[PDB]
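> structure for the following, please:
(5 chains)
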Amino acid sequence: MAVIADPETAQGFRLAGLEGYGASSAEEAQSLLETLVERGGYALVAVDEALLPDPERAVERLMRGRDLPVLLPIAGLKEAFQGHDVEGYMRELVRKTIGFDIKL
Amino acid sequence: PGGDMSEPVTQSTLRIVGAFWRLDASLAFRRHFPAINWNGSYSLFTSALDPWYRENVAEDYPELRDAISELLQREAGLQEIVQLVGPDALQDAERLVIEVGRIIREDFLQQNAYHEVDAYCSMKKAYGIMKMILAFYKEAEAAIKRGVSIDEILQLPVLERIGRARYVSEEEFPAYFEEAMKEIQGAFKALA
Amino acid sequence: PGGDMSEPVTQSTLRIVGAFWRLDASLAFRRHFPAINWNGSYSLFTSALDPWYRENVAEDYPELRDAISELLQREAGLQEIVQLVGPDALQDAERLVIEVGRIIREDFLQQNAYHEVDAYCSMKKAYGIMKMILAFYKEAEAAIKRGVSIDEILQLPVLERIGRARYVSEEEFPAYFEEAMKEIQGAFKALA
Amino acid sequence: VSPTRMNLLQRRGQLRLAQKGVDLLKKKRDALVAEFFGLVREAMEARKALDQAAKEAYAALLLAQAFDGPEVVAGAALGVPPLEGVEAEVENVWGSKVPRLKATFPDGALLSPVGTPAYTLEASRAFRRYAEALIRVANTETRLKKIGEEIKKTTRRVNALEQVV
Amino acid sequence: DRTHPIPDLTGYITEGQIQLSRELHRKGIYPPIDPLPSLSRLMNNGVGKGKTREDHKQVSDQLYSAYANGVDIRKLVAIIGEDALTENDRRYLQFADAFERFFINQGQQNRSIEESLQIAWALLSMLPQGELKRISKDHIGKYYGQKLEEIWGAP
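Numbers count the residues shown, from 1 in each chain, chains lettered A, B, ... in the order given. I have put the structure below:
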């Protein structure tokens, strides 16, 4: 539905039919997330990973009462043009899930 | 009756004996002999016997014994993770520790009573085996520090020489020990 | 004294009598009478009385009794997991077994000694009740194999008929049993 | 409690049942971890596919705004109605239920906007493929999170039993 | 209670015990002998190549291990469901059920040692060929592959 990223990425998401939004700091990103969930942000709400390292921090208030929204981090326009190390993100996920490093 | 150690006879016995060699059925189930559990067993004659070990075996014998005991303790400390996620999910150091412990268990603690030459072992042969194991562990850790893969270490040919050490005759042991010691340092440094 | 079943009189009696009917305090507290502990009771006359049951009650009475006992045993076995992880952690078949055990406990084993009709129950009435329960269990498990939710089965109206079949007089039971069997068949076969 | 022989036997039975339950929960944790590893592998593969789709979509974007003017691509974006409607089907994960996301699809080119130039057309198609990878990534992430939650619950239960009861 | 003085002393003097299980008896199985807690301390002397058959001990221990594994799996299948099991777990569950149904529940039959060994091999044939880790390849090659047509020969 709605994606929060840099304005250049927002233009592309509007081209794709998604409700793209422009943002460059955590405050307006959190405000947009709050107004989306308050107005009924439907399911997927993508947020630029370099903007909000963990989008769920603004969802902790509403995560208890709802399960519909799904938020995941993703690279922006300029961020994706450089190498993205998603494997470290997976390692962090596994370390949080189990409590030990699992790969070398 | 029942194997409980809280029974009064066992409690009274353990307060006056100097040693306790805990035989275990679990070790015998996996065909490990003479099946003395090293986690539960203990002895109180080490401190008094240390000077005799220094005089008649080697000056560094207590250090080798303590190193072997510490390696076994560290191997036993990791048993939770190797049971939860498996051995292949560990790092290089953890896998090296597990494999060193396995080599120790299969080549030093284990002994065949019915074997012609392996039935009896002197102090010199045990000291040589412990020194060989410790030297190989040091070389393997150095190779790991130099970026060598764990699988490459686990396929070296000197491990067979180490494994056959306990089946070597008592009088012919020193030459075998010297050759194995030379091969241990040759296998790592020459390959580079 | 004190409900302790290890008291010497109880042990002396237990080695002589051919039948043992142990009572439970928990069932009495729940006001669930006759409050006979099924797990703690037995009888040694079951095998010798089978020909009489075949001749005078029904040809397949022992099979129904064995099926009921097996179902009770399976429910008792599953109760160990139920008390550990809760009833909702089970699958559909285990939940069905638990519900069938509850139905057996509340509608067949239970008996009102102060009721003008439930006080006396002939062999044929109990045979009909257990036949109805077994048929319902068979149909329910068949429906479970067809993907029907367990919660849908528990609200089927024939459960009320099965529960109230205990209060039917000895005269109305022969037709009540036929009507209940037809209703049980219709609630599953015709619905599917 | 009242000290009597029957109570002692009952307590010993309770201890044996607790030990059996601890072992059973340990086996359940092992099975959950075994599933978790495969979920992690498939999530990594989905993430790599999503990254490739995102990179190619951005490459298709870079041609749209350069050869065609900003107003052309803006009008193309405004022409298409926004995509709305995500089907959140339920998925069973070891008793727990997780939403599985799939979105409605307007057939794409059938809803073409006034932005006729080909450089604009490619970006929207690449974006739709990118979102198709994104929904799969979200689904596998949700399944992995559910598996992790179950693993955490089982571990806490095992520790609580074997250290308290 | 196995800690009662009478069974405690009896086991402290004798060389094993045969344990009857109330669960098997209530499930309609006779004789309700439970292999898992049963034990014989002199069995290794009474079997071999010149007596009974050369595959007796390996078959016995393989049966013990397989039955224990199947019984243990049957507890987990209650909570995790059947579909979450691997193929080996389903094979073990079916083997345990068939073992309880055909091996232990012999009724009033008089099975010779050869018939019991044949039934045991037929039950083991349900498991995969490589799953019999406790038996030497010679006995497996000589006896594996028989289907279940033994208990039906004596209803």
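> now residue D:121: which helix or strand?
helix D:118-164 (DSSP states H and E).
> so which elements touch that helix?
For helix D:118-164, the elements it packs on are helix A:7-15, helix A:86-98, helix D:5-67, helix D:70-79, strand D:86-93, strand D:96-103, judged by 3 or more Cβ pairs under 8 Å, 6 or more residues apart in numbering or on different chains; DSSP states H and E. Heads up, the C-betas are built off the backbone N, CA and C, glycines and all.
> just the buried positions in the last one, please.
Along strand D:96-103, these residues count as buried under the neighbour rule (16 or more other Cβ atoms under 10 Å in any protein chain shown): D:98, D:99, D:101, D:103.
> on the strand side of things, show who the second one bridges to.
Think residue D:99. With DSSP bridges applied, residue D:99 shows beta-bridge pairing to residue D:90.
> how close does residue E:56 get to residue C:69?
36 Å (Cβ to Cβ, to the nearest Å).
> who's more crowded, the two?
A side-by-side neighbour count of residue E:56 and residue C:69, using other Cβ atoms under 10 Å in any protein chain shown, places residue E:56 first with 21 against 15.
> any idea how far residue E:135 is from the more buried one?
Between residue E:56 and residue E:135 the distance, using Cβ to Cβ, works out to 11 Å.
> next one: residue B:82
Taking Cβ to Cβ, one finds residue B:82 at 28 Å from residue E:135.
> same question for residue D:13.
Summarising the geometry, the distance separating residue D:13 from residue E:135, computed by Cβ to Cβ, is 37 Å.
> doesn't residue A:20 lie inside a helix?
No. Residue A:20 is assigned strand when assessed by DSSP: H, G, I helix; E, B strand; the rest coil, not a helix.
> and which of the buried residues of strand D:96-103 is nearest residue A:61?
Within the set of the buried residues of strand D:96-103, residue D:99 lies nearest residue A:61; the separation is 19.9 Å, counting by Cβ to Cβ.
> which residues touch the closest one?
The neighbourhood of residue D:99, defined by Cβ atoms under 8 Å, 6 or more residues apart in numbering or on different chains, consists of A:67, A:68, A:70, D:88, D:89, D:90, D:91, D:142.
> okay, these in JSON lines with neighbour count next?
As requested, the contacts of residue D:99 are exported to JSON lines (neighbours: other Cβ atoms under 10 Å in any protein chain shown):
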{"residue": "A:67", "neighbour count": "12"}
{"residue": "A:68", "neighbour count": "14"}
{"residue": "A:70", "neighbour count": "19"}
{"residue": "D:88", "neighbour count": "16"}
{"residue": "D:89", "neighbour count": "10"}
{"residue": "D:90", "neighbour count": "8"}
{"residue": "D:91", "neighbour count": "15"}
{"residue": "D:142", "neighbour count": "19"}
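> and the residue nearest to residue D:152 when sequence neighbours are not counted, how many neighbours does it have?
Spatially, and ignoring its direct neighbours in sequence, residue D:152 is nearest to residue A:97 (7.4 Å; Cβ to Cβ, 6 or more residues apart in numbering or on different chains). When neighbours are counted by other Cβ under 10 Å, residue A:97 registers 19.
> just confirm residue A:97 contacts residue D:148, I think it does.
Yes. Here residue A:97 reaches residue D:148: they are 3.7 Å apart, a contact under Cβ atoms under 8 Å.
> what does chain D have sitting close to chain C?
Within reach of chain C by Cβ under 8 Å from any Cβ of the partner chain, chain D has these residues: D:2, D:4, D:5, D:6, D:17, D:20, D:21, D:24, D:95.
> so how do I select the buried members of these in ChimeraX?
Burial among the residues of chain D next to chain C is assessed by 16+ other Cβ under 10 Å; the matching ChimeraX selection reads:
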select /D:4,21,24
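> which parts of stretch E:79-90 count as buried, going by neighbours?
Going through stretch E:79-90 with 16+ other Cβ under 10 Å, the ones that come out buried are E:79, E:80, E:81, E:85, E:89.
> same question, stretch B:52-59
Applying a neighbour-count criterion of 16+ other Cβ under 10 Å, one finds B:53, B:57, B:58 buried in stretch B:52-59.
> and the last one, which of the three is it?
This points to residue B:58. Quick answer, by three-state DSSP: residue B:58 is coil.
> what residue is smack in the middle of chain B?
In chain B, the residue lying closest to the centroid (Cα atoms, centre = their mean) is residue B:104, at 3.2 Å.
> now do the same contact list for that residue.
If you count contacts by Cβ under 8 Å, 6+ apart, residue B:104 has them with B:68, B:71, B:72, B:75, B:133.
> show me what contacts residue A:24?
The neighbours of residue A:24, taking Cβ under 8 Å, 6+ apart as the test, are A:6, A:51.
> and it, backbone torsions?
Main-chain torsions, residue A:24, degrees, to the nearest 10: phi -140, psi 0.
> in chain E, where's the longest helix?
helix E:56-80 (DSSP state H).
> not counting sequence-adjacent ones, nearest residue to residue A:53?
Leaving aside its sequence neighbours, residue A:53 sits nearest to residue A:73 (Cβ to Cβ, 6+ apart; 7.3 Å).
> do a quick rundown of the strands in chain E.
Taking DSSP state E to define them, one finds strands in chain E at E:16-17, E:39-40.
> mean neighbour count and distance to residue E:106 added to the ones you listed, as a markdown table?
A markdown table is the format used below for the strands of chain E (neighbours: other Cβ atoms under 10 Å in any protein chain shown; distance: least, Cβ to Cβ, whole Å):
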| stretch | mean neighbour count | distance to residue E:106 |
| --- | --- | --- |
| strand E:16-17 | 13 | 20 |
| strand E:39-40 | 13 | 19 |
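> for chain C, find the nearest of those.
Taking Cβ to the nearest Cβ as the criterion, strand E:16-17 is the member of those that comes nearest to chain C, at 20.2 Å.
> that closest one pairs with which strands?
Sheet partners assigned to strand E:16-17 using DSSP bridges are listed as strand E:39-40 (antiparallel).
> hmm, who's touching the strand it pairs with?
Counting by Cβ under 8 Å, 6+ apart, strand E:39-40 makes contact with E:15, E:16, E:17, all of which sit outside it.
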